[PDB]
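J.: Just so it is clear, I am handing over model_0.cif, which has mmCIF, C-alpha atoms and all ligand atoms.
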data_query
#
loop_
_atom_site.label_atom_id
_atom_site.label_comp_id
_atom_site.auth_asym_id
_atom_site.auth_seq_id
_atom_site.Cartn_x
_atom_site.Cartn_y
_atom_site.Cartn_z
CA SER A 1 143.49 123.68 103.81
CA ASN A 2 140.34 125.51 102.67
CA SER A 3 139.00 125.86 106.21
CA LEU A 4 137.68 128.87 108.08
CA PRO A 5 140.08 130.07 110.82
CA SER A 6 139.73 129.58 114.56
CA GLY A 7 137.85 132.61 115.85
CA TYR A 8 135.64 133.04 112.77
CA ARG A 9 132.08 133.97 113.79
CA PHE A 10 128.59 133.07 112.58
CA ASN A 11 126.78 135.40 114.98
CA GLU A 12 126.71 133.47 118.28
CA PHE A 13 128.77 130.58 116.86
CA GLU A 14 132.58 130.65 116.90
CA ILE A 15 134.83 128.27 114.96
CA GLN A 16 137.42 126.54 117.16
CA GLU A 17 139.17 124.02 114.89
CA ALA A 18 138.72 122.31 111.53
CA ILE A 19 138.59 118.66 112.60
CA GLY A 20 137.61 117.09 109.29
CA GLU A 21 138.48 118.13 105.76
CA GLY A 22 137.51 115.91 102.87
CA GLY A 23 136.73 116.37 99.22
CA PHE A 24 133.13 117.41 99.84
CA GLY A 25 132.82 119.15 103.19
CA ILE A 26 134.64 120.50 106.20
CA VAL A 27 133.73 119.68 109.81
CA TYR A 28 134.56 122.17 112.57
CA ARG A 29 134.46 122.02 116.32
CA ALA A 30 132.60 125.23 117.19
CA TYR A 31 131.07 126.97 120.18
CA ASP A 32 127.61 128.47 120.71
CA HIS A 33 128.10 131.53 122.91
CA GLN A 34 124.35 131.87 123.53
CA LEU A 35 123.83 128.35 124.89
CA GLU A 36 127.48 128.00 126.03
CA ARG A 37 127.97 124.61 124.42
CA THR A 38 130.34 122.97 121.99
CA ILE A 39 128.79 121.91 118.68
CA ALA A 40 130.00 120.72 115.31
CA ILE A 41 129.50 122.68 112.10
CA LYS A 42 129.50 120.91 108.77
CA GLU A 43 130.22 123.16 105.76
CA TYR A 44 129.44 122.04 102.20
CA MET A 45 132.65 122.48 100.25
CA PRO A 46 133.27 120.38 97.11
CA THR A 47 136.95 121.01 96.38
CA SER A 48 136.69 119.85 92.75
CA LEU A 49 134.05 122.52 92.06
CA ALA A 50 134.77 125.40 94.45
CA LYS A 51 137.51 127.35 96.25
CA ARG A 52 137.78 129.72 99.23
CA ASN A 53 137.64 133.45 98.34
CA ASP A 54 139.61 136.18 100.13
CA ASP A 55 136.57 137.21 102.19
CA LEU A 56 136.16 133.49 103.11
CA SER A 57 133.06 132.92 101.02
CA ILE A 58 133.07 130.02 98.55
CA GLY A 59 133.29 130.55 94.80
CA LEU A 60 133.17 128.30 91.76
CA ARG A 61 136.47 127.15 90.27
CA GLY A 62 134.82 127.57 86.86
CA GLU A 63 131.44 128.74 85.66
CA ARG A 64 130.79 125.35 84.05
CA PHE A 65 130.61 123.81 87.55
CA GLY A 66 127.63 125.86 88.75
CA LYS A 67 124.86 123.38 87.95
CA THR A 68 126.65 120.49 89.65
CA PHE A 69 127.64 122.66 92.62
CA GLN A 70 123.99 123.61 93.12
CA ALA A 71 122.82 120.00 92.83
CA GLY A 72 125.31 118.94 95.49
CA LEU A 73 124.11 121.82 97.68
CA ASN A 74 120.51 120.69 97.25
CA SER A 75 121.49 117.15 98.24
CA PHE A 76 123.34 118.48 101.30
CA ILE A 77 120.11 120.25 102.33
CA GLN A 78 118.03 117.12 101.74
CA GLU A 79 120.39 115.03 103.88
CA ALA A 80 120.15 117.57 106.72
CA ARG A 81 116.35 117.37 106.43
CA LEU A 82 116.49 113.58 106.62
CA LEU A 83 118.67 113.60 109.74
CA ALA A 84 116.35 116.24 111.25
CA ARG A 85 113.54 113.64 111.22
CA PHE A 86 115.19 111.70 114.04
CA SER A 87 116.06 112.11 117.72
CA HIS A 88 118.10 108.98 118.38
CA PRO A 89 121.43 108.60 120.22
CA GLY A 90 123.02 106.73 117.30
CA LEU A 91 122.06 109.20 114.54
CA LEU A 92 123.78 112.57 114.01
CA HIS A 93 121.60 115.12 115.79
CA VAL A 94 120.96 118.28 113.74
CA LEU A 95 120.58 121.55 115.66
CA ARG A 96 120.45 124.26 112.97
CA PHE A 97 120.85 124.77 109.24
CA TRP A 98 121.62 127.95 107.32
CA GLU A 99 123.02 129.30 104.06
CA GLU A 100 125.87 131.82 103.99
CA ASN A 101 129.18 132.40 102.17
CA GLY A 102 127.84 130.91 98.94
CA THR A 103 127.36 127.54 100.63
CA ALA A 104 125.44 125.87 103.46
CA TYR A 105 126.10 124.85 107.06
CA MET A 106 124.71 122.29 109.48
CA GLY A 107 125.11 122.84 113.19
CA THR A 108 125.06 119.46 114.93
CA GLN A 109 125.78 117.78 118.22
CA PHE A 110 129.53 117.41 118.85
CA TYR A 111 130.54 113.80 119.56
CA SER A 112 133.50 112.54 121.55
CA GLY A 113 135.82 109.88 120.16
CA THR A 114 136.72 109.41 116.51
CA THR A 115 135.63 107.34 113.51
CA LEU A 116 135.61 103.57 113.42
CA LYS A 117 138.09 103.82 110.52
CA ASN A 118 140.52 105.73 112.74
CA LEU A 119 140.00 103.38 115.69
CA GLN A 120 140.71 100.33 113.51
CA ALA A 121 143.87 101.99 112.17
CA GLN A 122 145.18 103.30 115.51
CA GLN A 123 143.96 100.73 118.07
CA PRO A 124 143.19 97.44 116.28
CA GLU A 125 143.95 95.51 119.50
CA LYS A 126 140.84 97.01 121.12
CA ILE A 127 138.60 95.41 118.47
CA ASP A 128 137.78 91.80 119.43
CA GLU A 129 134.60 89.70 119.49
CA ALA A 130 133.41 91.03 122.85
CA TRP A 131 133.86 94.63 121.69
CA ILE A 132 131.98 93.91 118.45
CA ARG A 133 129.12 92.29 120.36
CA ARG A 134 128.82 95.45 122.48
CA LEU A 135 128.92 97.65 119.37
CA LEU A 136 126.14 95.82 117.55
CA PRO A 137 122.98 96.48 119.65
CA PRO A 138 123.23 100.31 119.42
CA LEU A 139 124.42 100.14 115.80
CA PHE A 140 121.53 97.84 114.85
CA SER A 141 119.18 100.24 116.66
CA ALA A 142 120.38 103.29 114.69
CA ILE A 143 120.18 101.56 111.31
CA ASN A 144 116.78 100.01 112.10
CA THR A 145 115.45 103.45 113.10
CA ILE A 146 116.23 104.71 109.58
CA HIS A 147 114.53 101.66 108.05
CA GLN A 148 111.36 101.91 110.15
CA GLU A 149 110.76 105.46 108.86
CA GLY A 150 110.97 104.15 105.28
CA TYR A 151 114.52 105.24 104.38
CA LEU A 152 117.82 103.51 103.62
CA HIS A 153 121.35 104.61 104.53
CA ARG A 154 123.14 103.32 101.38
CA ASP A 155 126.63 104.61 102.31
CA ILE A 156 127.69 102.54 105.34
CA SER A 157 131.42 101.93 105.84
CA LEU A 158 133.94 102.50 108.62
CA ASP A 159 134.52 106.10 107.57
CA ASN A 160 131.11 107.44 108.67
CA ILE A 161 130.54 105.68 111.99
CA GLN A 162 131.71 107.66 115.03
CA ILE A 163 132.86 105.66 118.07
CA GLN A 164 132.37 107.86 121.12
CA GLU A 165 134.58 107.61 124.18
CA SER A 166 131.69 105.62 125.73
CA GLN A 167 132.15 103.22 122.73
CA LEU A 168 128.60 103.98 121.55
CA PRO A 169 128.33 104.47 117.77
CA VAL A 170 126.85 107.36 115.81
CA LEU A 171 125.99 107.43 112.11
CA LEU A 172 127.46 110.73 110.88
CA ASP A 173 126.82 111.08 107.18
CA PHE A 174 125.00 109.52 104.23
CA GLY A 175 127.28 110.90 101.51
CA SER A 176 124.32 112.46 99.68
CA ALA A 177 126.08 115.50 98.19
CA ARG A 178 129.19 113.50 97.25
CA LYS A 179 127.11 110.84 95.52
CA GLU A 180 124.99 113.37 93.63
CA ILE A 181 128.09 115.20 92.39
CA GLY A 182 129.62 111.87 91.37
CA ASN A 183 126.54 110.80 89.41
CA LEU A 184 126.24 114.14 87.58
CA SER A 185 129.96 114.42 86.84
CA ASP A 186 130.51 110.78 85.77
CA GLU A 187 132.98 110.48 88.66
CA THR A 188 131.65 107.01 89.37
CA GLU A 189 134.44 106.32 91.89
CA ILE A 190 132.84 108.65 94.48
CA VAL A 191 129.36 107.11 94.34
CA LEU A 192 129.54 103.55 95.70
CA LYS A 193 132.13 102.25 98.16
CA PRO A 194 133.99 99.22 96.69
CA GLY A 195 133.61 96.15 98.86
CA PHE A 196 130.81 97.68 100.93
CA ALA A 197 128.14 98.21 98.23
CA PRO A 198 126.18 95.05 97.30
CA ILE A 199 125.37 94.01 93.76
CA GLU A 200 121.92 95.63 93.61
CA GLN A 201 123.36 99.12 94.20
CA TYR A 202 125.33 98.96 90.94
CA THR A 203 121.95 99.47 89.14
CA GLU A 204 116.02 95.99 94.20
CA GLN A 205 117.23 97.94 97.25
CA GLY A 206 115.90 97.60 100.78
CA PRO A 207 117.06 96.91 104.35
CA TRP A 208 119.18 94.02 103.01
CA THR A 209 121.27 96.59 101.10
CA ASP A 210 122.41 98.22 104.35
CA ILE A 211 122.76 94.79 105.98
CA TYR A 212 125.36 93.76 103.38
CA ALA A 213 127.37 96.96 104.00
CA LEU A 214 127.23 96.29 107.75
CA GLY A 215 128.50 92.76 107.10
CA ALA A 216 131.33 94.32 105.09
CA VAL A 217 132.17 96.60 108.04
CA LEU A 218 132.25 93.63 110.42
CA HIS A 219 134.38 91.63 107.97
CA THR A 220 136.87 94.54 107.87
CA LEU A 221 137.02 94.65 111.68
CA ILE A 222 137.56 90.89 111.95
CA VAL A 223 140.16 90.24 109.20
CA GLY A 224 141.36 93.77 108.40
CA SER A 225 139.95 94.44 104.91
CA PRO A 226 136.54 94.36 103.19
CA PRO A 227 135.27 91.47 101.06
CA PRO A 228 135.80 91.44 97.28
CA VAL A 229 133.92 93.99 95.19
CA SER A 230 130.37 92.71 94.71
CA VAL A 231 130.37 93.00 90.89
CA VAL A 232 133.51 90.86 90.81
CA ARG A 233 131.72 88.37 93.10
CA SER A 234 128.71 88.27 90.75
CA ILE A 235 131.00 86.93 87.98
CA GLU A 236 133.11 84.51 90.04
CA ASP A 237 132.44 84.60 93.79
CA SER A 238 135.87 84.38 95.45
CA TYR A 239 134.54 85.28 98.91
CA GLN A 240 135.76 82.70 101.31
CA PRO A 241 133.42 82.33 104.32
CA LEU A 242 134.75 83.53 107.66
CA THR A 243 133.44 80.26 109.12
CA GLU A 244 136.14 78.71 106.91
CA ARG A 245 138.99 81.17 107.62
CA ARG A 246 138.58 80.78 111.39
CA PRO A 247 140.37 84.00 112.45
CA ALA A 248 141.73 83.53 115.96
CA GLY A 249 139.38 84.49 118.76
CA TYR A 250 136.10 84.55 116.79
CA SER A 251 133.07 82.27 117.32
CA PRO A 252 131.27 80.46 114.48
CA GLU A 253 128.15 82.33 115.58
CA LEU A 254 129.54 85.81 114.91
CA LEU A 255 131.40 84.58 111.81
CA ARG A 256 128.28 83.03 110.27
CA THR A 257 126.26 86.19 110.97
CA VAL A 258 128.79 88.16 108.92
CA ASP A 259 128.81 85.53 106.16
CA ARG A 260 124.99 85.62 105.95
CA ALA A 261 124.92 89.44 105.79
CA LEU A 262 127.41 89.15 102.90
CA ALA A 263 125.31 86.71 100.86
CA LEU A 264 125.67 87.79 97.25
CA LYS A 265 121.96 87.93 96.36
CA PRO A 266 119.56 90.14 98.35
CA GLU A 267 117.10 87.30 98.99
CA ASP A 268 119.78 85.17 100.71
CA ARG A 269 120.66 87.82 103.33
CA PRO A 270 118.83 88.65 106.55
CA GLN A 271 115.90 90.74 105.39
CA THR A 272 115.70 93.12 108.38
CA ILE A 273 118.05 94.32 111.09
CA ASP A 274 116.03 92.26 113.59
CA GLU A 275 116.66 89.12 111.52
CA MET A 276 120.41 89.77 111.49
CA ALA A 277 120.51 90.36 115.26
CA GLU A 278 118.78 87.02 115.83
CA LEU A 279 121.63 85.23 114.13
CA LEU A 280 124.06 86.18 116.88
CA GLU A 281 122.03 84.36 119.56
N1 LIG B 301 129.35 115.76 114.84
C1 LIG B 301 130.67 115.48 114.96
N2 LIG B 301 131.30 115.53 116.16
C2 LIG B 301 132.62 115.23 116.27
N3 LIG B 301 133.39 114.86 115.22
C3 LIG B 301 132.85 114.77 113.98
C4 LIG B 301 131.44 115.07 113.78
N4 LIG B 301 131.16 114.91 112.46
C5 LIG B 301 132.31 114.54 111.86
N5 LIG B 301 133.30 114.44 112.77
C6 LIG B 301 134.70 114.09 112.47
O1 LIG B 301 135.02 114.74 111.25
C7 LIG B 301 135.95 113.94 110.51
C8 LIG B 301 135.39 113.79 109.10
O2 LIG B 301 136.24 112.93 108.35
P1 LIG B 301 137.17 113.48 107.16
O3 LIG B 301 137.70 112.28 106.41
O4 LIG B 301 136.38 114.41 106.29
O5 LIG B 301 138.33 114.43 107.73
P2 LIG B 301 139.87 114.13 108.05
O6 LIG B 301 140.47 112.90 107.20
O7 LIG B 301 140.57 115.40 107.75
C9 LIG B 301 140.00 113.81 109.83
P3 LIG B 301 139.86 112.02 110.11
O8 LIG B 301 141.35 111.43 110.23
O9 LIG B 301 139.11 111.74 111.35
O10 LIG B 301 139.09 111.36 108.86
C10 LIG B 301 136.09 112.62 111.26
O11 LIG B 301 137.29 112.62 112.03
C11 LIG B 301 134.92 112.62 112.22
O12 LIG B 301 135.25 111.98 113.46
#
Do you think you could lay out the structure here as structure tokens?
T.:
Amino acid sequence: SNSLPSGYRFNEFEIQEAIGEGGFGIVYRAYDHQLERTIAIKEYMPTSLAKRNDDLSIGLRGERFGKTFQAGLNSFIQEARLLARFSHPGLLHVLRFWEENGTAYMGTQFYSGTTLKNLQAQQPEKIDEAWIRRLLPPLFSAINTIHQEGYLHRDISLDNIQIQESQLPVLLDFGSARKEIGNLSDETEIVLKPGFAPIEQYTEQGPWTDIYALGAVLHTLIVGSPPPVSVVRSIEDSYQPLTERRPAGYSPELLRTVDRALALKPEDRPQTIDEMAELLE
């Protein structure tokens, strides 16, 4: 692990545990001793470009990586600024941002529960049609809130949706720094998510782009895996409609909503979150 130790201090903040460690950042449970509350701290840390020094700052693995490391850092800052535009229960709430240790940190609300990806892996039996229909209103609301301010998410999958102990969802991360590093480094495999990204993301985009990814999430919950990669579909569409599979315990109404969200061409999908929600009625 490259993570700061339990007990490390950022003035009033104390690290408690590294709870997430991926290729591009570390997430810590932390504590604010001034306000006496638990928070999360997200630390930019691209492992392919940087390493942990003895004094616990971050340093480049090679001088040639500096330009890309800085561009990822700038994208991390821009994503924090985007999330700071909102005060919505389904969007990661940003408390503070600062630079230190050669990198940057976001202090955020700490959420109960775990990711949808982990829930689907650990407790698939909890995920049925009734549970999905309770998930959708607050998830629709969070995504639509982004859209109404003129932005798109563009990185939806199961990995970045938190399911709280209340079952309410939170969008945690837009992948901005990861995707910028991938574009600049020609590491194409870290930019789009296969099976979740629709055809128009491979090179126009709008609310329908996030709608397709949401359909791909729902498809994964219902049958266990995402639909075929969208470029492959654009050559020979092997997607078989869920209305035709008939997985046990799922209504044609929910199944056709997923199928419509997964229409290959943007114009054939629901055009807004509101349009997709109407399909379930
Ligand atoms: N604000 C927040 N509050 C609580 N948990 C958060 C959070 N932001 C991110 N997380 C958690 O951080 C983790 C980030 O995922 P990541 O893939 O980087 O780490 P990981 O694989 O080491 C642990 P996991 O098995 O959950 O994925 C997820 O478990 C997510 O639930």
J.: Neighbours of ligand LIG 301 (chain B) within 9 Å, counting all atoms listed in the file, as a PDB file with C-alpha atoms, in the coordinates of the input?
T.:
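Okay, out-v6.pdb is ready:
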ATOM      1  CA  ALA A  18     138.720 122.310 111.530  1.00  0.00           C
ATOM      2  CA  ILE A  19     138.590 118.660 112.600  1.00  0.00           C
ATOM      3  CA  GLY A  20     137.610 117.090 109.290  1.00  0.00           C
ATOM      4  CA  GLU A  21     138.480 118.130 105.760  1.00  0.00           C
ATOM      5  CA  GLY A  22     137.510 115.910 102.870  1.00  0.00           C
ATOM      6  CA  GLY A  23     136.730 116.370  99.220  1.00  0.00           C
ATOM      7  CA  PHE A  24     133.130 117.410  99.840  1.00  0.00           C
ATOM      8  CA  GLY A  25     132.820 119.150 103.190  1.00  0.00           C
ATOM      9  CA  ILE A  26     134.640 120.500 106.200  1.00  0.00           C
ATOM     10  CA  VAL A  27     133.730 119.680 109.810  1.00  0.00           C
ATOM     11  CA  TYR A  28     134.560 122.170 112.570  1.00  0.00           C
ATOM     12  CA  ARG A  29     134.460 122.020 116.320  1.00  0.00           C
ATOM     13  CA  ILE A  39     128.790 121.910 118.680  1.00  0.00           C
ATOM     14  CA  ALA A  40     130.000 120.720 115.310  1.00  0.00           C
ATOM     15  CA  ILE A  41     129.500 122.680 112.100  1.00  0.00           C
ATOM     16  CA  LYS A  42     129.500 120.910 108.770  1.00  0.00           C
ATOM     17  CA  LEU A  92     123.780 112.570 114.010  1.00  0.00           C
ATOM     18  CA  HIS A  93     121.600 115.120 115.790  1.00  0.00           C
ATOM     19  CA  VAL A  94     120.960 118.280 113.740  1.00  0.00           C
ATOM     20  CA  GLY A 107     125.110 122.840 113.190  1.00  0.00           C
ATOM     21  CA  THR A 108     125.060 119.460 114.930  1.00  0.00           C
ATOM     22  CA  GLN A 109     125.780 117.780 118.220  1.00  0.00           C
ATOM     23  CA  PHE A 110     129.530 117.410 118.850  1.00  0.00           C
ATOM     24  CA  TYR A 111     130.540 113.800 119.560  1.00  0.00           C
ATOM     25  CA  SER A 112     133.500 112.540 121.550  1.00  0.00           C
ATOM     26  CA  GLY A 113     135.820 109.880 120.160  1.00  0.00           C
ATOM     27  CA  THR A 114     136.720 109.410 116.510  1.00  0.00           C
ATOM     28  CA  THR A 115     135.630 107.340 113.510  1.00  0.00           C
ATOM     29  CA  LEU A 116     135.610 103.570 113.420  1.00  0.00           C
ATOM     30  CA  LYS A 117     138.090 103.820 110.520  1.00  0.00           C
ATOM     31  CA  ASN A 118     140.520 105.730 112.740  1.00  0.00           C
ATOM     32  CA  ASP A 159     134.520 106.100 107.570  1.00  0.00           C
ATOM     33  CA  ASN A 160     131.110 107.440 108.670  1.00  0.00           C
ATOM     34  CA  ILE A 161     130.540 105.680 111.990  1.00  0.00           C
ATOM     35  CA  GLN A 162     131.710 107.660 115.030  1.00  0.00           C
ATOM     36  CA  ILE A 163     132.860 105.660 118.070  1.00  0.00           C
ATOM     37  CA  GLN A 164     132.370 107.860 121.120  1.00  0.00           C
ATOM     38  CA  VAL A 170     126.850 107.360 115.810  1.00  0.00           C
ATOM     39  CA  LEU A 172     127.460 110.730 110.880  1.00  0.00           C
ATOM     40  CA  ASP A 173     126.820 111.080 107.180  1.00  0.00           C
TER      41      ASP A 173
END
J.: How far is it from CA of residue 194 in chain A to CA of residue 106 in chain A, in Å with one decimal?
T.: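 So the answer is 28.0 Å.
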J.: Give me, please, the distance in Å between CA of residue 90 in chain A and CA of residue 143 in chain A, quoted to one decimal.
T.: 8.4 Å
J.: At a cut-off of 8 Å, using all atoms listed in the file, what residues contact residue 4 in chain A? Leave out same-chain residues fewer than 4 positions from it and give the result as a ChimeraX atom specification.
T.: /A:8,15,18,56
J.: Which one of A:188, A:16, A:272, A:209 sits closest to residue 38 in chain A if you count only C-alpha atoms?
T.: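 Counting only C-alpha atoms, the residue closest to residue 38 in chain A is A:16.
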J.: With only C-alpha atoms as the basis for distance, which of A:270, A:247, A:62, A:241 is at the shortest distance from residue 47 in chain A?
T.: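 Using only C-alpha atoms, the shortest distance to residue 47 in chain A belongs to A:62.
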J.: Just to confirm, what's the straight-line distance from CA of residue 212 in chain A to CA of residue 197 in chain A in Å (one decimal)?
T.: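 Value for the CA of residue 212 in chain A-CA of residue 197 in chain A distance: 7.4 Å.
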J.: Tell me which protein, DNA and RNA residues are within 6 Å of range 213-227 of chain A, counting only C-alpha atoms, leaving out same-chain ones fewer than 5 positions away, and put them as a VMD selection string.
T.: chain A and resid 156 to 157 195 to 197 258 261 to 262
J.: Could you dump the residues just selected with C-alpha atoms as an mmCIF file, in the coordinates of the input?
T.:
data_model
loop_
_atom_site.group_PDB
_atom_site.id
_atom_site.type_symbol
_atom_site.label_atom_id
_atom_site.label_comp_id
_atom_site.auth_asym_id
_atom_site.auth_seq_id
_atom_site.Cartn_x
_atom_site.Cartn_y
_atom_site.Cartn_z
ATOM 1 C CA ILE A 156 127.690 102.540 105.340
ATOM 2 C CA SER A 157 131.420 101.930 105.840
ATOM 3 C CA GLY A 195 133.610 96.150 98.860
ATOM 4 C CA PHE A 196 130.810 97.680 100.930
ATOM 5 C CA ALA A 197 128.140 98.210 98.230
ATOM 6 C CA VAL A 258 128.790 88.160 108.920
ATOM 7 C CA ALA A 261 124.920 89.440 105.790
ATOM 8 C CA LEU A 262 127.410 89.150 102.900
#
